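Inspection log for the structure reproduced underneath, given as structure tokens.
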Amino acid sequence: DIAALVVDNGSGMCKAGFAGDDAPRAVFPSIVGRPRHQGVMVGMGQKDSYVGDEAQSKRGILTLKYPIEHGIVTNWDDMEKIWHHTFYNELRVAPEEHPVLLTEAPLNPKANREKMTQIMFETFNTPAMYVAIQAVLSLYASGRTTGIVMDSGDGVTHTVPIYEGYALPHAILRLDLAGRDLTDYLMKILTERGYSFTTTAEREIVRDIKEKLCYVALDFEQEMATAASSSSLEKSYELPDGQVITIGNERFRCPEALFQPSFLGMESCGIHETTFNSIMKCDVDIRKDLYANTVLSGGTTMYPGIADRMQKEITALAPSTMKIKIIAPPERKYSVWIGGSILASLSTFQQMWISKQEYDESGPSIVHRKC
Amino acid sequence: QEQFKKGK
Amino acid sequence: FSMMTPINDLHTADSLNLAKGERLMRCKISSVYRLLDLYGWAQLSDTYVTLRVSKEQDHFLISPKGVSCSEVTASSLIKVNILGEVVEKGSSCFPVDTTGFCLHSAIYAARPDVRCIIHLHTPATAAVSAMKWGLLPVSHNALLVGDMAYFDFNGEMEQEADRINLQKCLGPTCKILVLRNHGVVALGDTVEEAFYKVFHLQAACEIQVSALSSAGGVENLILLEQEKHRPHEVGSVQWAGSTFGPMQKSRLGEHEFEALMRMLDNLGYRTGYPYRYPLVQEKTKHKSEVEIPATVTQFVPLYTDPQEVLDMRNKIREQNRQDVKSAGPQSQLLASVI
Amino acid sequence: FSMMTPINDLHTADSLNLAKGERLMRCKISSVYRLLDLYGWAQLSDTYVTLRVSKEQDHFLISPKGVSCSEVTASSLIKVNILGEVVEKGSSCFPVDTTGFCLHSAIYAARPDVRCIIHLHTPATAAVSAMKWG
Amino acid sequence: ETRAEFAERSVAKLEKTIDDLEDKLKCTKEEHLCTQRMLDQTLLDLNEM
Amino acid sequence: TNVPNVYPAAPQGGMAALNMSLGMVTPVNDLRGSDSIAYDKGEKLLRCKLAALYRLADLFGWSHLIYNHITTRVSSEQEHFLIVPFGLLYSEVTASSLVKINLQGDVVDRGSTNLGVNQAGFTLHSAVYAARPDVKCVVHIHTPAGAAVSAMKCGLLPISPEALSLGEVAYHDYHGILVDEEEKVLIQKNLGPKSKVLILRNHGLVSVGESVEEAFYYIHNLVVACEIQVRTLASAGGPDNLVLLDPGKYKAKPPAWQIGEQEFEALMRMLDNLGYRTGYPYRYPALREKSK
Amino acid sequence: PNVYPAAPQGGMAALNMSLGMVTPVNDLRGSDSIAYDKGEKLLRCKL
Amino acid sequence: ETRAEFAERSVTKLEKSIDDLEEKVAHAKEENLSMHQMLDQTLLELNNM
Ligand SMILES: Nc1ncnc2c1ncn2[C@@H]1O[C@H](COP(=O)(O)OP(=O)(O)O)[C@@H](O)[C@H]1O
């Protein structure tokens with residue numbers, strides 16, 4: 001029983017699993033580490049480069065770099081290393097026996113899809129592989145075929161509306177405001193408290209701090225007044241070396257750059273304004289449904305209170321007669337993969353696979369013919 | 001199936 | 001190509017002296033004129049439909065002469081006394097003729113119960129009225145018509161003898177008056193009930209005309225009799241509405257009139273009729289297990305010169321070049337001792 | 001809101017073969033069908049009007065089955081022989097049936113001078129034909 | 001472990017009742033507003049002297 | 001600033017123009033969109049077909065206010081039926097506004113409207129559906145000539161091929177007592193095992209079928225033969241003034257569509273060309289083969 | 001719309017309205033009424 | 001243990017919310033029927049004239 005493989009890639013996270021399963025088998029960060037210190041211990045285990053979950057264990061002696069930034073790959077060799085580690089070390093399955101399903105950002109340059117297809121057929125001898133949109137699969141995971149979806153990952157944020165299973169290409173909006181930039185901003189605003197983080201491992205530590213002790217304020221000025229006038233909004237984080245820091249005021253300051261990019265100084269508008277503009281670009285007749293179905297996707301939208309603030313900010317710009325509701329599934333981190341696990345399981349999808357033999361007469365552009 | 005039918 | 005005409009221009013015109021209930025009555029009685037126009041039963045005004053305004057003071061709403069049923073608006077209609085004199089004139093420039101009102105007045109002096117009168121001149125109704133037999137109970141609509149009275153009409157209702165003869169022969173409890181060789185007259189406590197009876201008479205008249213055309217003779221029609229069973233039409237209009245409580249109770253013609261009048265409101269006829277039963281369209285609800293419920297229900301001054309800064313640093317650097325010796329500032333306490 | 005259908009569209013196809021003044025006379029039949037739709041006489045598909053093309057070789061024009069009278073065009077007509085077999089089908093992707101043509105074929109086999117045949121099923125003519133007085 | 005999975009399943013069961021009751025309240029709002037404007041028209045007719 | 005346009009009206013054809021204006025304003029199929037997931041394909045198809053037939057029946061002048069109802073059996077699960085709400089005219093019938101009720105008139109799905117179902121109009125359809133399991137669509141209609149032919153002693157004489165194609169027809173006497181339960185049993189034997197067309201005495205006509213198009217075909221042939229019989233016997237006034245043809249040896253005379261699909265499909269071609277955007281599935285979506 | 005949509009039994013009247021739209025009956029204009037009587041111009045309108 | 005305790009927090013909060021919204025919608029229906037009766041008697045009083 002040959003089953004398809006679903007591999008979801010994003011800048012900072014790679015997931016993989018068999019089609020038709022509830023859970024992905026492998027989840028690990030998309031990191032590549034190379035040793036930085038002088039290695040002098042003859043006879044014990046050293047390697048040229050560490051990748052995946054093993055590299056995150058040895059952050060002290062490694063320089064950690066990401067192959068993908070902003071949804072665009074920078075070094076393809078590191079991407080090959082991650083794919084090889086996923087196919088061999090994590091799942092222990094042959095890549096040339098089972099078909100593989102791949103996802104990417106909607107708006108992207110020409111060369112990315114062609115290079116990805118060329119590498120996936122030539123290196124691993126994949127009999128069939130298909131490319132799909134991430135946000136469309138997230139909407140399929142929610143199980144409604146219509147509505148506007150917001151997927152904000154660690155690489156890039158994008159809102160696409162899908163009506164009757166079609167994503168309108170003109171109404172797609174993309175904003176380069178992700179969680180890694182929020183991590184950098186949190187590091188910059190933690191500088192003024194007296195704690196200094198400069199290395200890449202300290203960036204991962206700051207990211208863990210952001211994941212554990214951040215939340216979204218309903219009213220920004222009132223929360224500033226409360227945090228200035230009282231010490232109730234203070235939590236203590238415990239560093240891996242035993243030191244204790246107090247996060248204090250900054251907890252609602254780092255995620256607020258999502259709504260106001262003037263803190264980062266970005267020219268573009270907020271994420272809620274981006275969603276509102278994407279709704280404005282569509283036809284009037286469907287706008288009701290676009291205001292009726294909106295789901296949140298991505299790990300960046302796991303900040304507490306994101307749904308209430310999003311609903312309030314959309315309702316502020318919306319007409320008074322419109323009804324605004326926001327859907328937030330609890331498993332919004334892994335929705336995209338779940339959608340892939342739906343899409344490969346259908347009986348009409350076996351003809352949707354790209355043929356290995358057809359690529360021989362077509363070439364690397366074949367995906368633009370079929371997808 | 002019928003979105004494959006006319007295009008893509 | 002613009003056959004839409006606003007039926008309620010009372011607020012726009014603002015040039016009339018309306019009574020306590022004219023705002024509802026005028027629209028209500030223009031709606032039936034529009035419905036008579038749409039069904040095509042009458043197009044040229046022969047004073048078909050008349051309304052009674054109030055019981056304390058007998059004023060009656062009638063249509064102006066020379067105005068087609070398509071052109072009838074609520075403000076264009078006029079109100080007159082029982083004698084026929086004009087009390088208040090509508091916003092229509094036409095000569096006033098109340099000749100055909102008198103027959104309607106012959107109804108109003110007899111029965112205080114009736115409030116609206118409709119006269120029909122359709123070919124089927126006139127065929128049944130001119131027929132030797134009356135409305136034969138050969139159809140379900142004719143059974144729903146009910147009892148009726150026949151009277152010979154001769155063109156005048158102005159002398160007292162004809163009026164008292166009509167009031168005597170009409171009877172205390174009769175709803176339909178058939179004028180021989182002239183047509184039918186429907187009496188109504190409410191406009192909806194009278195329009196209901198008008199519709200049922202028209203349907204039964206067409207049915208009788210077709211039936212007696214089809215078969216030579218009455219005996220071939222094997223007609224049933226209303227009298228033998230004597231039903232009270234109980235059990236009609238069983239209702240299971242969700243917004244209101246389920247009751248059988250309804251008037252004779254409300255439910256049919258509400259749908260027609262909402263039809264009229266949908267296109268753009270700005271009617272002022274109040275619906276007893278409000279209607280809302282809403283999107284349907286889902287109970288698939290897939291659906292997830294929603295979570296909720298200066299530093300720098302404004303005016304300055306960079307050239308000032310450049311000239312200042314040139315002044316300092318000039319003193320650096322000259323190397324002029326100068327002591328620092330001295331305290332005023334040390335200035336005292338010198 | 002789709003607009004009115006043009007009656008002569010055989011120039012668009014330019015694939016069927018034409019014999020003598022067929023380019024004119026085909027259109028004539030279409031006009032007749034349209035005229036029926038203007039009078040309410042017939043609006044459902046049946047073998048109403050057939051036309052002989054030429055005095056020789058026995059070619060006839062009939063309407064396709066299942067097509068209402070409002071949507072008949074010049075290029076949608078069907079050319080058959082006396083036996084009813086299709087010789088040159090029109091530009092209409094519908095299944096063909098010629099069981100109603102046989103009576104018209106008998107009339108055509110009777111009279112060589114008769115060229116155009118019109119059949120109607122309106123209530124007045126049907127009541128007159130059912131009537132023994134005629 | 002057991003009480004955690006129990007409580008989460010209870011939340012998942014309760015959400016649908018939450019959403020259904022909210023929808024019912026919104027429909028009662030709509031029926032409220034229709035008759036509010038209806039009384040507006042009725043009292044506009046009644047107020048004239 | 002502008003109301004939706006109204007087509008100008010003939011002196012005797014005002015309400016046909018009214019219906020066609022209303023149909024171009026409000027589409028008969030409004031379930032398309034976010035409501036596509038709410039209903040499965042099989043039930044949505046029946047809802048679209050029934051709403052389209054309601055619009056068609058209002059266009060043809062066969063509608064008698066709200067007094068008549070047309071019912072279809074839902075193939076999904078068992079004993080579920082569709083009906084128009086009581087209070088809504090035939091011209092505003094849309095696909096989503098149809099109300100699904102089970103047997104004996106209890107409401108299962110409320111629909112998009114606030115109105116409730118009148119069970120008194122559903123008693124006859126409940127009796128018919130309980131009589132025969134194969135019947136799926138029941139159309140109760142009232143044409144002006146139909147009451148004239150139903151009031152006849154002789155009934156529908158087989159003097160036309162349209163009356164010949166109907167076959168054996170049943171007659172239900174108009175008791176008028178409005179009994180609570182005996183009406184169902186009387187109707188149940190008075191239909192018999194196989195009778196496509198029933199003519200109510202002095203009331204109207206009703207046709208049954210296992211499909212929508214076949215029932216519409218039977219009711220159309222019944223109306224046409226009704227007009228033929230009315231005019232012919234109006235002229236005749238006696239058997240010596242007409243000729244009657246016997247049916248028994250008149251009858252001696254991809255896969256294609258079933259019975260009655262041509263007339264229905266042509267009439268939805270009318271409705272789509274008129275602007276109703278029904279979305280009815282078509283066996284042949286295009287009239288002409290595409291150019292090479 | 002050059003042509004109005006047609007009723008099942010009222011197509012000819014619909015074409016009459018369409019032809020009323022396309023061709024006005026008051027063909028006489030200021031320049032086109034030269035050497036023409038006034039009473040005849042009034043009567044042609046009615047006819 | 002912390003995660004189960006968070007689940008219990010959510011359980012009790014939404015459990016109170018459903019009761020509040022249910023009694024509110026019951027109130028709304030209760031006096032909606034009252035104004036439904038009152039508009040009808042006003043229109044009947046107009047009909048009596
Ligand atoms: N529990 C959490 N709470 C808040 N933020 C989180 C949480 N988990 C992850 N994130 C943020 O989401 C980012 C990961 O997003 P991810 O879903 O991996 O994007 P993609 O899969 O598209 O690359 C991380 O950089 C982190 O900042």
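Labels used: A, B, ... for chains in the order of the structure tokens, numbers from 1 for residues in each chain, and numbers from 1 for ligands as shown.
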Selection: 7 Å around region 81-88 of chain D, only C-alpha atoms, excl. self and same-chain fewer than 4 positions, as a ChimeraX atom specification:
/D:58-60,98,101,105
Can I get the selected residues back with N, CA and C atoms, as an mmCIF file, in the first residue's frame?
data_model
loop_
_atom_site.group_PDB
_atom_site.id
_atom_site.type_symbol
_atom_site.label_atom_id
_atom_site.label_comp_id
_atom_site.auth_asym_id
_atom_site.auth_seq_id
_atom_site.Cartn_x
_atom_site.Cartn_y
_atom_site.Cartn_z
ATOM 1 N N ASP D 58 -34.689 14.506 -54.410
ATOM 2 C CA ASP D 58 -35.552 14.363 -53.230
ATOM 3 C C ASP D 58 -34.809 14.677 -51.926
ATOM 4 N N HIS D 59 -34.420 15.941 -51.794
ATOM 5 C CA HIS D 59 -33.793 16.441 -50.578
ATOM 6 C C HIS D 59 -34.755 17.366 -49.845
ATOM 7 N N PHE D 60 -34.806 17.234 -48.519
ATOM 8 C CA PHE D 60 -35.745 17.984 -47.701
ATOM 9 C C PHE D 60 -35.040 18.560 -46.483
ATOM 10 N N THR D 98 -36.240 11.012 -36.911
ATOM 11 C CA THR D 98 -37.037 11.381 -38.076
ATOM 12 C C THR D 98 -38.313 10.550 -38.177
ATOM 13 N N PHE D 101 -41.323 12.667 -39.626
ATOM 14 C CA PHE D 101 -41.206 13.174 -40.989
ATOM 15 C C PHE D 101 -41.987 12.315 -41.981
ATOM 16 N N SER D 105 -43.339 12.947 -45.697
ATOM 17 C CA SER D 105 -42.731 12.217 -46.805
ATOM 18 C C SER D 105 -43.791 11.576 -47.694
#
Quick one: residues within 9 Å of residue 70 (chain F), only C-alpha atoms counted, chain neighbours fewer than 2 positions away excluded, as a list in words?
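The filter keeps residues 50, 54, 68, 72, 82, 83, 84, 125, 137, 138, 139, 140 and 141 of chain F.
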For the residues in the current selection, export N, CA, C and O atoms as an mmCIF file, in the first residue's frame.
data_model
loop_
_atom_site.group_PDB
_atom_site.id
_atom_site.type_symbol
_atom_site.label_atom_id
_atom_site.label_comp_id
_atom_site.auth_asym_id
_atom_site.auth_seq_id
_atom_site.Cartn_x
_atom_site.Cartn_y
_atom_site.Cartn_z
ATOM 1 N N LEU F 50 -37.293 22.239 -7.914
ATOM 2 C CA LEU F 50 -38.632 22.568 -7.438
ATOM 3 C C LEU F 50 -38.876 24.073 -7.454
ATOM 4 O O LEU F 50 -39.961 24.523 -7.842
ATOM 5 N N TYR F 54 -41.636 26.085 -9.656
ATOM 6 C CA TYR F 54 -42.562 27.063 -9.086
ATOM 7 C C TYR F 54 -42.547 28.364 -9.882
ATOM 8 O O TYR F 54 -43.605 28.937 -10.185
ATOM 9 N N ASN F 68 -52.439 26.562 -3.723
ATOM 10 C CA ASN F 68 -51.944 25.344 -4.338
ATOM 11 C C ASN F 68 -50.499 25.122 -3.916
ATOM 12 O O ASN F 68 -49.726 26.077 -3.797
ATOM 13 N N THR F 72 -42.280 17.528 -3.589
ATOM 14 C CA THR F 72 -41.324 16.552 -4.092
ATOM 15 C C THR F 72 -40.737 15.772 -2.925
ATOM 16 O O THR F 72 -40.468 16.331 -1.858
ATOM 17 N N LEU F 82 -40.388 18.402 0.370
ATOM 18 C CA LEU F 82 -40.179 19.834 0.229
ATOM 19 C C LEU F 82 -41.491 20.519 -0.134
ATOM 20 O O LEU F 82 -42.294 19.985 -0.904
ATOM 21 N N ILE F 83 -41.703 21.710 0.428
ATOM 22 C CA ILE F 83 -42.919 22.475 0.178
ATOM 23 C C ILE F 83 -42.609 23.959 0.343
ATOM 24 O O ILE F 83 -41.692 24.352 1.069
ATOM 25 N N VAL F 84 -43.359 24.785 -0.378
ATOM 26 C CA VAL F 84 -43.257 26.243 -0.244
ATOM 27 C C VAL F 84 -43.845 26.663 1.100
ATOM 28 O O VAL F 84 -44.791 26.015 1.587
ATOM 29 N N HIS F 125 -51.189 15.702 -0.311
ATOM 30 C CA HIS F 125 -49.901 15.161 -0.728
ATOM 31 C C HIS F 125 -49.427 14.055 0.204
ATOM 32 O O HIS F 125 -48.817 13.085 -0.258
ATOM 33 N N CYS F 137 -42.879 13.035 -7.065
ATOM 34 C CA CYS F 137 -43.308 14.408 -7.296
ATOM 35 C C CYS F 137 -44.813 14.438 -7.514
ATOM 36 O O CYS F 137 -45.346 13.660 -8.314
ATOM 37 N N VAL F 138 -45.489 15.337 -6.799
ATOM 38 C CA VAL F 138 -46.931 15.528 -6.903
ATOM 39 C C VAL F 138 -47.188 17.001 -7.192
ATOM 40 O O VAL F 138 -46.752 17.874 -6.427
ATOM 41 N N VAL F 139 -47.898 17.275 -8.285
ATOM 42 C CA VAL F 139 -48.199 18.631 -8.728
ATOM 43 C C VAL F 139 -49.709 18.812 -8.693
ATOM 44 O O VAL F 139 -50.436 18.135 -9.431
ATOM 45 N N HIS F 140 -50.177 19.731 -7.853
ATOM 46 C CA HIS F 140 -51.590 20.079 -7.766
ATOM 47 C C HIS F 140 -51.787 21.448 -8.406
ATOM 48 O O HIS F 140 -51.166 22.429 -7.983
ATOM 49 N N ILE F 141 -52.651 21.516 -9.420
ATOM 50 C CA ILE F 141 -52.768 22.704 -10.252
ATOM 51 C C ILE F 141 -54.241 23.053 -10.447
ATOM 52 O O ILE F 141 -55.135 22.216 -10.267
#
Given a cut-off of 9 Å, which residues of chain A touch chain F, counting only C-alpha atoms, written out as a PyMOL selection string?
chain A and resi 144-147+163-164+286+289+292-293
I want to know what sits within 8 Å of region 15-30 of chain F, based on only C-alpha atoms, with residues of the same chain fewer than 2 positions away left out; could you give that as a PyMOL selection string?
(chain C and resi 38-39+267) or (chain D and resi 1) or (chain F and resi 4-9+13+32-33+48+51-52+55+58-61+91-96+274-279) or (chain G and resi 7)
Could you save the residues just selected, with N, CA, C and O atoms, as a compact mmCIF listing (two decimals), in the first residue's frame?
# COMPACT_ATOMS: atom_id res chain seq x y z
N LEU C 38 -53.15 45.42 -12.42
CA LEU C 38 -52.22 44.34 -12.75
C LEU C 38 -52.94 43.08 -13.22
O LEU C 38 -52.48 42.42 -14.15
N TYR C 39 -54.06 42.74 -12.58
CA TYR C 39 -54.86 41.62 -13.07
C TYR C 39 -55.56 41.92 -14.38
O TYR C 39 -56.02 40.99 -15.05
N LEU C 267 -40.44 45.57 -5.82
CA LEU C 267 -39.93 46.26 -7.00
C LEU C 267 -39.55 47.71 -6.73
O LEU C 267 -38.59 48.21 -7.33
N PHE D 1 -28.93 38.55 -18.74
CA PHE D 1 -30.02 38.68 -19.71
C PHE D 1 -29.49 38.50 -21.13
O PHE D 1 -28.95 39.43 -21.72
N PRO F 4 -35.02 48.79 -9.16
CA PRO F 4 -34.84 47.83 -10.26
C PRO F 4 -35.89 48.02 -11.34
O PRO F 4 -37.04 48.36 -11.07
N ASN F 5 -35.47 47.80 -12.59
CA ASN F 5 -36.31 48.12 -13.73
C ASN F 5 -37.49 47.16 -13.84
O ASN F 5 -37.42 46.00 -13.45
N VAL F 6 -38.59 47.68 -14.38
CA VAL F 6 -39.81 46.91 -14.60
C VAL F 6 -40.09 46.92 -16.09
O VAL F 6 -40.18 47.99 -16.71
N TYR F 7 -40.23 45.74 -16.68
CA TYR F 7 -40.54 45.65 -18.09
C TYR F 7 -41.97 46.14 -18.35
O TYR F 7 -42.86 45.91 -17.52
N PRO F 8 -42.21 46.84 -19.46
CA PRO F 8 -43.56 47.30 -19.77
C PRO F 8 -44.51 46.14 -20.03
O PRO F 8 -44.11 45.06 -20.49
N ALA F 9 -45.78 46.37 -19.73
CA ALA F 9 -46.77 45.31 -19.61
C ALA F 9 -47.84 45.41 -20.69
O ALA F 9 -48.30 46.50 -21.03
N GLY F 13 -51.30 40.96 -20.23
CA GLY F 13 -50.13 40.22 -19.80
C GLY F 13 -49.27 40.98 -18.81
O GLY F 13 -48.04 40.92 -18.87
N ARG F 32 -25.96 29.26 -3.94
CA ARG F 32 -24.56 29.30 -4.36
C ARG F 32 -23.78 30.30 -3.53
O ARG F 32 -24.21 31.44 -3.33
N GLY F 33 -22.61 29.88 -3.04
CA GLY F 33 -21.81 30.69 -2.15
C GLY F 33 -21.40 29.93 -0.90
O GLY F 33 -20.90 28.81 -0.99
N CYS F 48 -33.36 23.19 -6.25
CA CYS F 48 -33.26 24.03 -7.44
C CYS F 48 -34.34 23.68 -8.46
O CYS F 48 -34.99 24.57 -9.02
N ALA F 51 -37.88 24.87 -7.05
CA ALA F 51 -38.03 26.32 -7.11
C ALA F 51 -38.16 26.80 -8.55
O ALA F 51 -38.96 27.71 -8.84
N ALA F 52 -37.40 26.20 -9.46
CA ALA F 52 -37.51 26.55 -10.87
C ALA F 52 -38.88 26.19 -11.43
O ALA F 52 -39.45 26.96 -12.22
N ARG F 55 -41.35 28.84 -10.24
CA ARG F 55 -41.24 30.04 -11.06
C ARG F 55 -41.88 29.83 -12.43
O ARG F 55 -42.57 30.73 -12.95
N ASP F 58 -45.68 29.86 -12.10
CA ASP F 58 -46.19 31.22 -11.96
C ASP F 58 -46.12 31.98 -13.28
O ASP F 58 -46.97 32.83 -13.55
N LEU F 59 -45.10 31.69 -14.11
CA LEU F 59 -44.99 32.37 -15.40
C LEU F 59 -46.12 31.97 -16.34
O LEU F 59 -46.62 32.80 -17.11
N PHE F 60 -46.54 30.71 -16.30
CA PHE F 60 -47.51 30.21 -17.26
C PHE F 60 -48.95 30.55 -16.90
O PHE F 60 -49.86 30.23 -17.67
N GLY F 61 -49.18 31.17 -15.75
CA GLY F 61 -50.52 31.51 -15.33
C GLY F 61 -51.29 30.40 -14.67
O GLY F 61 -52.52 30.50 -14.54
N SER F 91 -43.99 33.63 -7.17
CA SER F 91 -42.99 34.40 -7.91
C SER F 91 -41.71 34.64 -7.12
O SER F 91 -40.65 34.84 -7.73
N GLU F 92 -41.76 34.65 -5.79
CA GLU F 92 -40.55 34.82 -4.99
C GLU F 92 -39.93 33.50 -4.55
O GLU F 92 -39.06 33.52 -3.67
N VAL F 93 -40.34 32.38 -5.13
CA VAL F 93 -39.80 31.09 -4.70
C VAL F 93 -38.36 30.96 -5.15
O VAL F 93 -38.04 31.00 -6.34
N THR F 94 -37.47 30.77 -4.18
CA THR F 94 -36.05 30.56 -4.41
C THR F 94 -35.66 29.18 -3.91
O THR F 94 -36.44 28.49 -3.26
N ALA F 95 -34.43 28.77 -4.24
CA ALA F 95 -33.97 27.43 -3.90
C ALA F 95 -33.82 27.25 -2.39
O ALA F 95 -34.18 26.20 -1.85
N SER F 96 -33.29 28.26 -1.70
CA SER F 96 -33.05 28.15 -0.27
C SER F 96 -34.30 28.35 0.57
O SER F 96 -34.32 27.94 1.73
N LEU F 274 -33.86 34.21 -20.19
CA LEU F 274 -34.60 35.33 -19.63
C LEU F 274 -33.87 35.98 -18.47
O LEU F 274 -34.18 37.13 -18.12
N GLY F 275 -32.90 35.30 -17.87
CA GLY F 275 -32.09 35.86 -16.82
C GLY F 275 -32.32 35.31 -15.43
O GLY F 275 -31.98 35.98 -14.45
N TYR F 276 -32.89 34.11 -15.31
CA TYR F 276 -33.19 33.56 -13.99
C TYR F 276 -31.98 32.90 -13.33
O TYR F 276 -32.03 32.67 -12.12
N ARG F 277 -30.91 32.65 -14.10
CA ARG F 277 -29.66 31.99 -13.68
C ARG F 277 -29.91 30.82 -12.72
O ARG F 277 -29.41 30.77 -11.60
N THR F 278 -30.69 29.85 -13.21
CA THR F 278 -31.13 28.76 -12.36
C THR F 278 -30.01 27.77 -12.02
O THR F 278 -30.01 27.21 -10.92
N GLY F 279 -29.05 27.58 -12.91
CA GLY F 279 -28.03 26.57 -12.67
C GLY F 279 -28.53 25.15 -12.77
O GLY F 279 -27.93 24.25 -12.17
N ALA G 7 -43.86 37.57 -23.47
CA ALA G 7 -44.74 36.66 -22.76
C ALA G 7 -45.01 35.43 -23.62
O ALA G 7 -44.81 35.46 -24.84
Non-local contacts of residue 50 (chain D) (6 Å; only C-alpha atoms; under 4 positions in same chain excluded) as a ChimeraX atom specification:
/D:61-62,117
Go through chain A and flag each residue having an atom no more than 12 Å from chain E; for those, report the closest pair of atoms plus their distance in Å to one decimal, using only C-alpha atoms, ordered by chain and rising number, as JSON lines.
{"residue": "A:321", "atom": "CA", "partner": "E:30", "partner_atom": "CA", "distance": 11.7}
{"residue": "A:323", "atom": "CA", "partner": "E:26", "partner_atom": "CA", "distance": 10.3}
{"residue": "A:325", "atom": "CA", "partner": "E:19", "partner_atom": "CA", "distance": 11.2}
{"residue": "A:327", "atom": "CA", "partner": "E:19", "partner_atom": "CA", "distance": 11.6}
{"residue": "A:329", "atom": "CA", "partner": "E:12", "partner_atom": "CA", "distance": 11.1}
{"residue": "A:330", "atom": "CA", "partner": "E:12", "partner_atom": "CA", "distance": 10.4}
Selection as a ChimeraX atom specification: residues within 10 Å of ligand 1 by only C-alpha atoms and all ligand atoms:
/A:8-15,27-30,68-71,104-105,134-135,151-157,178-183,204,206-215,255,297-304,332-337
Would you please give, as a list in words, all residues of chain B that DSSP assigns to helix (DSSP H, G or I) based on the backbone?
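For chain B, the helix (DSSP H, G or I) set is residues 2, 3, 4, 5 and 6 of chain B.
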For the selection you just gave me, I'd like the residues written to a file as an mmCIF file, in the first residue's frame, keeping C-alpha atoms.
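That gives us selection-v3.cif:
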data_model
loop_
_atom_site.group_PDB
_atom_site.id
_atom_site.type_symbol
_atom_site.label_atom_id
_atom_site.label_comp_id
_atom_site.auth_asym_id
_atom_site.auth_seq_id
_atom_site.Cartn_x
_atom_site.Cartn_y
_atom_site.Cartn_z
ATOM 1 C CA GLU B 2 -14.039 19.966 -12.940
ATOM 2 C CA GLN B 3 -11.570 22.707 -12.040
ATOM 3 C CA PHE B 4 -8.990 20.469 -13.704
ATOM 4 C CA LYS B 5 -11.495 19.991 -16.551
ATOM 5 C CA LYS B 6 -11.347 23.510 -18.017
#
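Taking CA of residue 162 (chain C) and CA of residue 99 (chain C) as endpoints, the distance between them is 15.7 Å.
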Find the spatial neighbours of region 252-262 of chain C, counting only C-alpha atoms, within a cut-off of 9 Å - ignore same-chain residues fewer than 2 positions away - and output them as a VMD selection string.
(chain C and resid 31 35 190 to 197 250 264 to 266 271 273 275 to 277) or (chain F and resid 65 to 66 86 to 89)
Leaving out residue 289 (chain F) and any residue of its chain fewer than 4 positions from it, which residues lie within 8 Å of it when counting only C-alpha atoms, given as a list in words?
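Listed by chain and then number, they are residues 91, 92 and 93 of chain D.
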